[PDB]
Every structure is written in C-alpha cells, then in structure tokens.
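Chemist: Once you've seen the sequence and the experimental structure below, I've got questions.
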Amino acid sequence: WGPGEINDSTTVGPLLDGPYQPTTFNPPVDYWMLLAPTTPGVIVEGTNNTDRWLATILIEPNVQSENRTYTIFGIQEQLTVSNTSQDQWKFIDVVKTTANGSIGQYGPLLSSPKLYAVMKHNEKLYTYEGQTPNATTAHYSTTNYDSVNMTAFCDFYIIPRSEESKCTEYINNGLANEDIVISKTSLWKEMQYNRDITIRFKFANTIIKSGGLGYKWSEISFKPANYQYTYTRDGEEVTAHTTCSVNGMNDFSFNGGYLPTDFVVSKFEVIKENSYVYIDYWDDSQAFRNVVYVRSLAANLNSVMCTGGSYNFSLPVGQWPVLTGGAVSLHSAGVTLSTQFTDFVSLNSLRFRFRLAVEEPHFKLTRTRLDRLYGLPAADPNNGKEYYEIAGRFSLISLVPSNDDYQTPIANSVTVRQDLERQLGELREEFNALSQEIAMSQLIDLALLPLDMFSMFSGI
Amino acid sequence: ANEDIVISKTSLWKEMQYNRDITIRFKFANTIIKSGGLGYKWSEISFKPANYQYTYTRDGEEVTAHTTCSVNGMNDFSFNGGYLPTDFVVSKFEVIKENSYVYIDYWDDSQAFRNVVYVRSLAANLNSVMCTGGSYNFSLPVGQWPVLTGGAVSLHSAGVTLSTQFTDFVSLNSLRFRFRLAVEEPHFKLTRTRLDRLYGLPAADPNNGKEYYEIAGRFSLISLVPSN
Amino acid sequence: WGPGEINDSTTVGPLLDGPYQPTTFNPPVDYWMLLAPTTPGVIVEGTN
Amino acid sequence: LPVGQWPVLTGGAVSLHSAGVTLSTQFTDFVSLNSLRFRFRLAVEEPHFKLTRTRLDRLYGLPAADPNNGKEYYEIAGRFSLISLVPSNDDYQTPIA
C-alpha cells in the first residue's frame, strides 16, 4: 500500500529550441545568441546609432583579390575581398563609428561548424576571434552599452547562461490442458460492509522547467500527489494515505509565436469529458485493507462541483495569462482493482474513478489563440479549496478470506465452572430421614454376603 | 448501518497452476495526422490500437484469439529544423523507452484464460526477441525525405495486468500483458539531421516493412476456480 | 471480451502548421493564405 | 515481514493455581541448591486470542510470543508450611543448618 505506479509522459522539449525566424529584437541579459548562417550575406546587423555598427558578413572561399560591390544597410560599397585559407569560410567582423565612416576589419575567423554567438556582460561585448582550438574572446568597451536593435537574416539560437561551456563546445564543434494441484480447496465467504466513508483530496503540481528565459513550459500538467490525511469513519479513527491522479486527459499545444517574448506552450494537458480522476486510499483499519477482490461495490454519493481560476506564473518580463470562468462536476461510477505483478506475489491496489462533466461557464484563456476551453486547467485546479469533501454511503460485498467460526479445536472454550456438592448437613438430614425404607431380613442376608472393592461400587 | 451482512454461506475456491506456452504474433498501427496545407510540418504521428484476429494450435488445441495492441507511458520528442513553412520540422513525435510499457490484449476462449479473472500469481517465461526498427518515407511533394535507421529494442518480461471494471452494468474484463522495452544497438538515427541517438520502436512506420512480430512466451498461471 | 479503459497518454496535435514570420517564400497552391500586418507599409509582394 | 503489512498477535490470557509441591534442584554458577518445586495448573479465560491479517480467529490460551506484556515480573503471594526433621541427640542444641 502506498504510491501507485501510474506513469505519465515525460518532458516535451526540455532543452531544445528550434531555429528562430529572422526577426528584430534585443539580446536578453545572460543569454547567448548563437547564429546559424543559411545564405551568403549579412548575419547580424545591430544598430544603436551612437558607436556600434557591427555587421558580420559571410565570405565565400576560393576568391582572389578582387573589388566587389557589397550592400550594407541598403547601400552598396566598394570593398576588396581576399582569402588566405581556401579550405575554411572567413567571417570578417566589421565595426564602424558612423553610418559610412572608417571600416574596421577584425579577423580572420575560421571554424568547422561555422557557428558563433554575440553577447555582452559586465559592460563589455564579447567577440570571438581566432581558429579552433585557438579562439580568444576579445572585448569591446565603449559607453552606451544599452540594448541594440538587430535586423536578423538567418536562424538564431538562445541558450541559458549556465551552459556557457556548451556554447563553447557548439562554437568549436556544434550539433496446454495441464494443471498441477498446489493445495486443496480454499474456504472463502461472502460478506457485505456498509460504512460511512468520506472522500477528501487535494491536487498538487507546481511547475516543470523548460528552455529559454522560462516563458515556455515543457509540461505544465498534473502529477500523482501523495499526501497523508486523517478521517473518522463510523465513529473510529482512520489514517489514510491519499494518491490523486487523472488519466485520459487531452494534450493541447499552443503556438501563437516562435519567440521567447510570445506565449508558447510545448504541451498542456486539459481536462476532457473522456478524462477520469483516479483516487487511491491506503488505511490501517482492518475493515479497509480487507476490501480486496471485492465482487460488487455501490457508491451512493453526491455530486460535488469543482472550479478553477487564475494562476501565478514566474516571468521575468510581461504579464502571465489568466483564466476566467469554468466549472466541472464529479460523478460516481464503477470502481477498479488492479493487480500489479512483481515476483510470485500479487500486489493489489485500489483505484476510484470519478467521471468529469464540464458545465457552464466555459474556461477562457487570455492572450491565447483558443477560447471557450472545456475542463479544469492543470495550473490552478483548486482555486481556493483544499479538500473536496464527498460524503456518502458505500456497500462492499467482498470475498473475504475467512473460513468460519469453525477450523478450531472443539475443546477450545473457556472452562465451565465446576458444579458444587450437596451440603453435608443436608446429606446427614437425608440419610437420617431414609431410616424407614429399610427391610430387616433382606438386610441381614445382605450382611451375610461378603463385600469387596469391586462389589461395593457396582452401581457406582 | 454498521452491521456485517453475509449474503451467502461458505463458498468453495481452489488454487491451480496452469503452464501453457502462448505464442504471440502482433503488428503495430499508427495514427498518422498531418497539418493541412503544407505537408512539411509534422504535427504528431502517434500510435494506433491495432486489432487483428488469429487462431493457433498450441500443443494440439485450436484457440480463437482476438488481438489488440496498445501502449501506455509514451515519451515525446521533437525534431525542429527551424520554423519556416518549407523546412523539415516535426512538432511532436512519439518515442517509447524503458519508462513505457506495451499492452497486449489476448482475448481467448480457453478455459484457463476464461477462469483468470481474480488472479493470484503468474510467471512470464519470455525469450527476448530483437525487433530492429524500420524506416519511414514521408509524403513531401518535392525535396529530400529524412530516413530512419536502426532502433532495435527488445521486449523483456514486465508481468501482466488483469483488472475488472466493477460498474453497475457489467464487469468489464480488461486483460493486457505488460512488456518491458530494453534498448540495445543500433539506435535510431535520422539522415540529413543534426539530431540522432534515439531509442524505442518507431511511431512513423507501423509495420516497419515487415509482418507478425514473434514473441514466444510461457505462462504459469495461478488462479482461483470453483470445485466440489 | 473487448476494449478496455486503462489508458494513458492521449494526445492531439496542432492543425494550423504553426505561426509564421516575414520570409521570402512562395505560397502553396489550392490553400488560402491570410495576412496579419505587424508594421505599416509594404505587406506582401507576389511577383513573377 | 519485509514487504507488506506484517501480522500482529493480540490477546491471550490465563490463570495459575497450585496443585502440588516437591523438592527440586537448581544451580546458578557453582552453588548447588535444594529448591522447592511448585506445580501449577492452568485455566482458560475470557479475553480473545486471534491472529489478524489472516484467517486465524476464535482461539483461547496464551501465545509463546510476548507473554512479558511489558512487566518485568509476575507477582505471586502465598504461604507455605513444611515440617522438617532435625537431629536432636538431647532436648537442647538443636541444629539450624
């Protein structure tokens, strides 16, 4: 008895983020921005209009010294292109003070996977220069380190700060009809238990981490909760271990964007009319544990309404979505007993299924692509309630293993109090009163006959 | 009330051991659902409960077997090559691991498999069978298609599960044989991708370009039956 | 003897192929294409 | 029991009465003793004795599992009378040991 073995799906994309489309944004603090070039041209063009005009340009190999017109920021420019190493692609770094000022070339830059990142920290901008494995992180130091706007043209990767070594490794490398009788027949009997049983439970699930800055959630769903409660059934104390779970939910996916600034959910489980809540009980009372392989159970219970509301989500920027309205009804149905099989012993568990009926009002999610949602959300299934108390009558007609008041030595009763003896005074009175009923000659002839120990107690 | 009620007097039950070899041959099915409009964005390719019918001669007796294959515990993995409307991106994909078990539903007319409703014990004497993963070709109108290679996973013994739904209509018999998936070599590698080293039976090709998967199992069932 | 009820991991997938961003890609035929402006000015340029 | 709920024995109660006495031998380390052996008959009583978690019920007696019941001693108070023969060569100097 204890936590049941109900296994759910694992995390969906715990640390994997797809190549983002070319979009304009600002570099988040303490997050590397890896770049994945696709076509020759500008990769990152970040402008602050004060001193920074960085523009990384792809250079095709096997090109001699020639003057080629190249377009930067929509303006063509004459530039001499050359390559001292024809076996690797050259990534020339361009730094400029004004719109069309002096051109600062930084390099050469060579790497097998052709992957690099741009990030700033502690009022300095880290730039990668060298050839693997001799790359060195140079620093650019100039005032007005504020956020810059970059006109993206390829795929970008966002990586958490704690994986800086992983960022370096990505830069360097990248991604028949036979029965043997065991024993004789087993004596069993059928009995019915009528009990006053209360149903009390609490849902418990907080969060599952994901990638990015934490806006996206890999799996915000329900998890089997193991809590210890105590009730009083039929006027006697009963301690209970409660396991709460739900199976049969519908997993919906929200994709309103593909950036860490928009509302994106990897996987969210939603309550459905086809979903059923599993409730487990483990008590120490002899009455409860004896309910195994029970032939029939009837649950004369009462409907209890459950509501859900808004939930608090930890986000660095922006506001978390909220849920307005919604209610579900729990209804009684058939109960189930499972037989989890270890080595040669049948481990049995109790599972109570409650049917779900979504009623008005319908759940509405703010800042989402779908409204009028049905079923309780997996974020805040309680909304101001701890236990959903359910009082009812239970009938338990089970095959209890117990032979009878038989199967016991017949002489196994408390010793009966031994009888007493007639009072010696009454004995004397009776013997004295018996005088008249004696004959004379017959008594004399009996006295003539000798007696002995065997002749004395013939009638005794 | 709080009193004890006995509907009937003493009832008789006996425990017996049933040793029978049960040959298992199954085929997988998948629920292929695509995103309407492009065909390049694979939203989700999950499994499908496969249903077939067979009749076998096990040690000289014909038994009509109704077969159903199901899986519980599915792990989810995503293959994202970008977010463009033309690249190779899989939103959600189904992968099985040691976490998940496979449900096998042998609905049989034999006396032994009819009497096993309240089960006491059962040993699964199974020989591990290697099922190397197959390959699946997508349905892009143009362009190259990713190819699945390797992915052999054995089906080790994981016991059984026999539960009955005690509803007020009829006691629903739900028999399913548990199967443990152990990873071996080779794994699953996707061509033209930066991601490889995946496990489990594939969810893309149901039949894997093959036929009935052989699982030669043995069952020593311990159950309860009436007698006199 | 038939279908059971002990089932886990019932999931469904998206149907809108996911959101898009401004990219110079050709539109497929026999499928409607809605446009949502984000910045004033030029929206779409379908030219041969 | 390492797995599952272990069985627990409960109940069991008896009474002791004296039905005989004679001499006996007892030693502790190296000292021989001439002890008195009291014979006791037993009686079955009211309290129930059962083995839960199983099908053992409605039995009477006292199990050989935990008769100590926490108490480190069982008290029996009574009076015994014996008459001894002592070598008295006269009507004085009567030995004691």
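Modeler: Cool, got the structure. Numbering: from 1, shown residues only, chains lettered A, B, ... in the order given.

Chemist: so residue A:326 sits right up against residue A:307, yeah?
Modeler: Yes: under the contact definition of CB atoms under 8 Å, residue A:326 touches residue A:307, with a separation of 6.5 Å. Yep, even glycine has a C-beta here, placed from its N, CA and C like the rest.

Chemist: shared neighbours, those two?
Modeler: Overlap between the neighbourhoods of residue A:326 and residue A:307 is empty, taking contacts as CB atoms under 8 Å, 6 or more residues apart in numbering or on different chains.

Chemist: Of the two, which one has the most company?
Modeler: Comparing residue A:326 with residue A:307 by neighbour count (other CB atoms under 10 Å in any protein chain shown), the higher total belongs to residue A:326, at 24 against 16.

Chemist: Quick check: residues of the stretch 301-450 of chain A near chain C?
Modeler: Applying the criterion CB under 8 Å from any CB of the partner chain, the portion of the stretch 301-450 of chain A that neighbours chain C consists of A:336, A:338.

Chemist: Tell me where the stretch 301-450 of chain A has helices.
Modeler: Secondary structure of the stretch 301-450 of chain A (DSSP state H, counting those that start in this stretch): helices located at A:424-433, A:441-448.

Chemist: can you list these in a markdown table and add distance to chain D and mean neighbour count?
Modeler: What follows is the helices of the stretch 301-450 of chain A, written out as a markdown table (distance: least, CB to the nearest CB, whole Å; neighbours: other CB atoms under 10 Å in any protein chain shown):
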| stretch | distance to chain D | mean neighbour count |
| --- | --- | --- |
| helix A:424-433 | 24 | 9 |
| helix A:441-448 | 40 | 9 |
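
Chemist: Chain B is nearest to which of those?
Modeler: helix A:424-433 (49.4 Å; CB to the nearest CB).

Chemist: The strand ranked longest in chain A and chain B in contact?
Modeler: Counting residues, the longest strand found in chain A (DSSP state E) is strand A:179-199. Yes: using CB under 8 Å from any CB, we find that strand A:179-199 touches chain B at A:179-196.

Chemist: Please list which of the residues you listed are also close to chain C.
Modeler: Restricting those to those touching chain C (CB under 8 Å from any CB) yields no residues.

Chemist: Buried subset of those, written for PyMOL?
Modeler: Buried residues among the residues of strand A:179-199 next to chain B (16 or more other CB atoms under 10 Å in any protein chain shown), as a PyMOL selection:
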select buried, chain A and resi 179+186+187+188+189+190+191+192+193+194+195
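
Chemist: Next, the angle from the longest strand of chain A to strand B:119-126.
Modeler: 120 degrees (axes from the mean of the first three to the mean of the last three CA atoms, to 10 degrees).

Chemist: C-terminal to strand A:179-199, what's the next element?
Modeler: The first helix or strand that comes after strand A:179-199 along the chain, using DSSP states H and E, is strand A:225-233.

Chemist: Surely residue A:27 and residue A:117 touch.
Modeler: No: between residue A:27 and residue A:117 there is no contact, the gap being 9.9 Å when judged by CB under 8 Å.

Chemist: Pull up the overlap in contacts between the two.
Modeler: Listed as contacting both residue A:27 and residue A:117 by CB under 8 Å, 6+ apart are residue A:33.

Chemist: Would you mind telling me which of these two has more residues around it?
Modeler: Set side by side, residue A:27 and residue A:117 show more neighbours around residue A:117, with 23 against 20, by other CB under 10 Å.

Chemist: Paired strands for the helix or strand harbouring residue A:242, with orientation please.
Modeler: Using DSSP H and E, the element containing residue A:242 is strand A:236-247. Using DSSP bridges, strand A:236-247 pairs in its sheet with strand A:225-233 (antiparallel), strand A:276-283 (antiparallel).

Chemist: Quick one: residues in contact with the helix or strand following that strand.
Modeler: Moving toward the C-terminus from strand A:236-247, the next helix or strand (DSSP H and E) is strand A:250-255. Outside of strand A:250-255, the residues within contact range by CB under 8 Å, 6+ apart are A:9, A:221, A:263-272, A:274-275, A:368-370, A:375, B:91-92, C:9-14, C:16, C:18-19.

Chemist: The stretch 301-450 of chain A: strands as residue ranges?
Modeler: Taking DSSP state E, counting those that start in this stretch, the strands of the stretch 301-450 of chain A run over residues A:304-307, A:323-324, A:327-341, A:346-359, A:364-365, A:390-400.

Chemist: Would you mind writing the CA trace of the fourth one as CSV?
Modeler: In CSV, the C-alpha atoms belonging to strand A:346-359 read as follows (Å, rounded to 0.1, in the frame of the first residue of the first chain):
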residue,chain,number,x,y,z
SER,A,346,0.0,-10.4,-6.4
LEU,A,347,0.4,-6.7,-5.4
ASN,A,348,-3.2,-5.3,-5.4
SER,A,349,-4.1,-1.6,-5.5
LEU,A,350,-7.4,0.3,-5.1
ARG,A,351,-8.4,2.9,-7.8
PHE,A,352,-11.6,5.0,-7.6
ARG,A,353,-12.7,6.6,-10.9
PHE,A,354,-14.8,9.8,-10.8
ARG,A,355,-16.4,10.9,-14.1
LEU,A,356,-16.0,14.5,-15.3
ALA,A,357,-18.8,16.6,-16.6
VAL,A,358,-17.9,20.2,-17.8
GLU,A,359,-20.7,22.7,-17.1
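
Chemist: packing partners for it?
Modeler: Using 3 or more CB pairs under 8 Å, 6 or more residues apart in numbering or on different chains; DSSP states H and E as the contact criterion, the elements in contact with strand A:346-359 are strand A:276-283, strand A:327-341, strand B:119-126.

Chemist: cool, the second one as well?
Modeler: Taking 3+ CB pairs under 8 Å, 6+ apart as contact, the helices and strands that strand A:323-324 lies on are strand A:364-365.

Chemist: List the neighbouring strands of the strand it packs on plus their orientation.
Modeler: Taking DSSP bridges as the criterion, strand A:364-365 forms sheet pairs with strand A:323-324 (antiparallel).

Chemist: Return the distance of the strand it pairs with from the chain's centre.
Modeler: 23 Å (CA atoms, centre = their mean, to the nearest Å).

Chemist: do stretch A:254-273 as well
Modeler: Averaged over its C-alpha atoms, stretch A:254-273 has a centre that lies 18 Å from its chain's centre (CA atoms, centre = their mean).

Chemist: If you count neighbours, what's buried in it?
Modeler: For stretch A:254-273, a neighbour-count test (16+ other CB under 10 Å) marks A:254-255, A:257-260, A:263-272 as buried.

Chemist: What of stretch A:289-309?
Modeler: Across stretch A:289-309, burial judged by 16+ other CB under 10 Å covers A:289-294, A:297-299, A:301, A:304, A:306-309.

Chemist: now, which of the residues you listed lie close to chain B?
Modeler: Counting by CB under 8 Å from any CB, the members of the buried residues of stretch A:289-309 that reach chain B are A:293, A:294, A:297, A:298.

Chemist: from the residues you listed, which is closest to chain D?
Modeler: Relative to chain D, and with distances defined as CB to the nearest CB, the nearest of these is residue A:293, at 14.6 Å.

Chemist: got the contact list for the closest one?
Modeler: With contacts taken as CB under 8 Å, 6+ apart, residue A:293 has the following neighbours: A:337, A:348, A:398, A:399, B:118.
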